[PDB]
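*Asks:* Input: one structure, supplied below.
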Amino acid sequence: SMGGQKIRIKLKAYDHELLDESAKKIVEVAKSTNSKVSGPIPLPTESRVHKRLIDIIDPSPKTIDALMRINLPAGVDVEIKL
């Protein structure tokens with residue numbers, strides 16, 4: 001489809017290192033898809049918690065299938081639909 005919509009995913013985890021691997025890992029898998037991903041964008045740590053935001057441009061259905069095939073490692077969280 002024409003698309004033209006961007007998707008943002010927020011990652012949360014006590015250890016920034018772990019969250020860094022999840023964001024970088026997803027970026028490599030997302031970039032592999034026709035859709036493009038920007039970031040990861042680092043955010044302010046709160047309550048000793050690190051969070052990152054990755055923007056997605058022209059997202060495709062192959063990106064969602066890859067996310068379902070890969071399961072985020074324990075200690076990481078994601079926000080969908082606000």
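Identifiers in the structure tokens: chain A, B, ... in order shown; residue index from 1 per chain; ligand index from 1 in order shown.
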Going by DSSP on the backbone, which residues of chain A come out as strand (DSSP E or B)? List them as a VMD selection string.
*Replies:* chain A and resid 6 to 13 36 to 42 46 49 to 57 77 to 79
*Asks:* For the selection just defined, write its residues with N, CA and C atoms to a file, as a JSON list (two decimals), in the first residue's frame.
*Replies:*
```
[["chain", "number", "residue", "atom", "x", "y", "z"],
["A", 6, "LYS", "N", 4.49, 6.27, 10.16],
["A", 6, "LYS", "CA", 5.71, 5.87, 10.92],
["A", 6, "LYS", "C", 5.31, 5.20, 12.23],
["A", 7, "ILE", "N", 6.05, 4.20, 12.64],
["A", 7, "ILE", "CA", 5.70, 3.50, 13.91],
["A", 7, "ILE", "C", 6.84, 3.68, 14.92],
["A", 8, "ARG", "N", 6.52, 3.94, 16.15],
["A", 8, "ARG", "CA", 7.58, 4.13, 17.18],
["A", 8, "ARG", "C", 7.44, 3.06, 18.26],
["A", 9, "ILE", "N", 8.53, 2.47, 18.67],
["A", 9, "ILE", "CA", 8.46, 1.41, 19.72],
["A", 9, "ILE", "C", 9.30, 1.84, 20.93],
["A", 10, "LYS", "N", 8.74, 1.77, 22.11],
["A", 10, "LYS", "CA", 9.51, 2.17, 23.32],
["A", 10, "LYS", "C", 10.05, 0.93, 24.02],
["A", 11, "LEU", "N", 11.31, 0.93, 24.36],
["A", 11, "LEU", "CA", 11.89, -0.26, 25.05],
["A", 11, "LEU", "C", 12.22, 0.11, 26.50],
["A", 12, "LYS", "N", 11.88, -0.74, 27.43],
["A", 12, "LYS", "CA", 12.18, -0.44, 28.86],
["A", 12, "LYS", "C", 12.94, -1.61, 29.48],
["A", 13, "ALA", "N", 13.89, -1.32, 30.33],
["A", 13, "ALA", "CA", 14.68, -2.41, 30.97],
["A", 13, "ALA", "C", 15.58, -1.82, 32.05],
["A", 36, "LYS", "N", 11.97, 1.21, 6.67],
["A", 36, "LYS", "CA", 13.24, 1.76, 7.22],
["A", 36, "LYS", "C", 13.04, 2.10, 8.70],
["A", 37, "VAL", "N", 14.08, 1.98, 9.49],
["A", 37, "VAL", "CA", 13.95, 2.30, 10.94],
["A", 37, "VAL", "C", 14.97, 3.38, 11.31],
["A", 38, "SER", "N", 14.57, 4.32, 12.14],
["A", 38, "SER", "CA", 15.51, 5.40, 12.54],
["A", 38, "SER", "C", 15.83, 5.27, 14.03],
["A", 39, "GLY", "N", 17.06, 5.51, 14.41],
["A", 39, "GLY", "CA", 17.43, 5.40, 15.85],
["A", 39, "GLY", "C", 18.55, 4.37, 16.01],
["A", 40, "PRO", "N", 18.59, 3.69, 17.16],
["A", 40, "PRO", "CA", 17.61, 3.89, 18.24],
["A", 40, "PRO", "C", 17.81, 5.25, 18.93],
["A", 41, "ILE", "N", 16.74, 5.86, 19.37],
["A", 41, "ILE", "CA", 16.87, 7.17, 20.05],
["A", 41, "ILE", "C", 16.87, 6.96, 21.57],
["A", 42, "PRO", "N", 17.95, 7.37, 22.24],
["A", 42, "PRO", "CA", 18.09, 7.23, 23.69],
["A", 42, "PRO", "C", 17.16, 8.19, 24.44],
["A", 46, "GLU", "N", 14.63, 6.87, 34.18],
["A", 46, "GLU", "CA", 13.74, 7.24, 35.31],
["A", 46, "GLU", "C", 13.68, 6.08, 36.31],
["A", 49, "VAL", "N", 15.72, 3.36, 35.50],
["A", 49, "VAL", "CA", 15.28, 2.53, 34.35],
["A", 49, "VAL", "C", 15.67, 3.22, 33.04],
["A", 50, "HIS", "N", 16.25, 2.49, 32.12],
["A", 50, "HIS", "CA", 16.65, 3.10, 30.82],
["A", 50, "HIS", "C", 15.58, 2.82, 29.77],
["A", 51, "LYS", "N", 15.36, 3.74, 28.87],
["A", 51, "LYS", "CA", 14.32, 3.52, 27.82],
["A", 51, "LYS", "C", 14.82, 4.09, 26.49],
["A", 52, "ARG", "N", 14.49, 3.44, 25.41],
["A", 52, "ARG", "CA", 14.94, 3.94, 24.07],
["A", 52, "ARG", "C", 13.74, 3.97, 23.12],
["A", 53, "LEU", "N", 13.77, 4.83, 22.14],
["A", 53, "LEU", "CA", 12.63, 4.91, 21.19],
["A", 53, "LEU", "C", 13.14, 4.73, 19.76],
["A", 54, "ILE", "N", 12.59, 3.80, 19.03],
["A", 54, "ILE", "CA", 13.04, 3.57, 17.63],
["A", 54, "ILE", "C", 11.92, 3.97, 16.67],
["A", 55, "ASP", "N", 12.18, 4.91, 15.80],
["A", 55, "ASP", "CA", 11.13, 5.35, 14.84],
["A", 55, "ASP", "C", 11.16, 4.45, 13.60],
["A", 56, "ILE", "N", 10.02, 4.16, 13.03],
["A", 56, "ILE", "CA", 9.98, 3.29, 11.82],
["A", 56, "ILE", "C", 9.33, 4.06, 10.67],
["A", 57, "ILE", "N", 9.95, 4.05, 9.52],
["A", 57, "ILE", "CA", 9.36, 4.78, 8.36],
["A", 57, "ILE", "C", 8.87, 3.78, 7.31],
["A", 77, "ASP", "N", 10.97, -4.60, 27.92],
["A", 77, "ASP", "CA", 9.50, -4.40, 27.75],
["A", 77, "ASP", "C", 9.25, -3.51, 26.54],
["A", 78, "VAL", "N", 8.08, -3.60, 25.96],
["A", 78, "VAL", "CA", 7.77, -2.76, 24.77],
["A", 78, "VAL", "C", 6.38, -2.15, 24.92],
["A", 79, "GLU", "N", 6.17, -0.97, 24.39],
["A", 79, "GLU", "CA", 4.83, -0.33, 24.51],
["A", 79, "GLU", "C", 4.17, -0.26, 23.13]]
```
*Asks:* Compile the contact shell of residue A:22 as a PyMOL selection string: residues with an atom at most 9 Å away, counting only C-alpha atoms, same-chain residues fewer than 6 positions apart removed.
*Replies:* chain A and resi 11+72-73+76
*Asks:* Can you pull out the residues contacting residue A:65? Cut-off 12 Å, using only C-alpha atoms, and skip same-chain residues under 5 positions away; I want them as a list in words.
*Replies:*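 Counting only C-alpha atoms, the residues come to residues 29, 30, 33, 59, 60, 70 and 71 of chain A.
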